[PDB]
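Position 7 of the sequence shown, counted from 1, bears residue number 7 in the authors' numbering, the numbering being contiguous throughout.
Ideal placement from N, C-alpha and C gives every residue a C-beta, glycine not left out.
Everything below concerns the one structure shown next.
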Amino acid sequence: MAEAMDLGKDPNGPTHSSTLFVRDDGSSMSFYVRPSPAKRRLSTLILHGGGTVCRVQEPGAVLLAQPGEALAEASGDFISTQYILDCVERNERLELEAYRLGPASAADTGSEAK
C-alpha cells in the first residue's frame with residue numbers, strides 16, 4: 001500500500017494579492033487614471049495587483065477619477081478610486097460597475113475594440 005500527498009503553504013506575506021486585478025480568464029484589465037497627484041498612488045496599486053494602468057485614454061480602458069465631493073470630478077463616466085482599496089480589501093475583483101461615480105449619456109455605440 002502507498003499514499004502520496006502533495007501540499008504547499010499558505011501566504012505568509014501581506015493580504016495584497018499579485019493577481020487581485022487579474023480576471024478569471026487571466027485577462028489583465030487596463031485602467032486609465034486621470035492626470036492628477038493621486039495618479040501615482042493609484043498606478044502603483046493597479047500594477048501591484050496585476051493590472052495595467054493607462055496614461056492616456058486607451059480603447060476599452062476604464063476611466064478613473066477621484067471623488068473629492070458628494071458628486072464627482074467626473075466629466076463623464078468615471079469609476080471611484082475607492083475601488084482600488086475595496087477590491088484588495090475583499091481580496092477579490094469586485095463589480096466595477098458598483099464604483100461608478102458620475103453618470104453619462106449611454107449610447108448604443110460608444111465603446112472601442114482592437
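Exercise. Tell me the start and end of each unbroken alpha helix (DSSP H) in the segment 11-86 that is at least 4 residues and wholly inside, in chain order.
Key: DSSP runs (the alpha helix (DSSP H)) wholly in the segment 11-86: 39-48.
Under 9 angstroms between the Cβ atoms of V62 and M29?
-> Against a cut-off of 9 angstroms, the Cβ pair of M29 and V62 comes out as a contact.
Between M1 and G8, what straight-line distance do the alpha-carbon atoms span, to the nearest angstrom? Their backbone Cα atoms lie some 24 angstroms apart in a straight line.
**Prompt:** Quick one: Cα of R100 to Cα of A74, how far?
**Reply:** So the two alpha carbons sit approximately 10 angstroms from each other.
**Request:** Please name the residue or residues paired with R100 in a DSSP beta bridge.
**Result:** DSSP output for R100 lists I79 as bridge partner(s).
Nearest to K114 (by Cα), restricted to the options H16, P59 and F78:
Among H16, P59 and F78, the Cα nearest to that of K114 is on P59.
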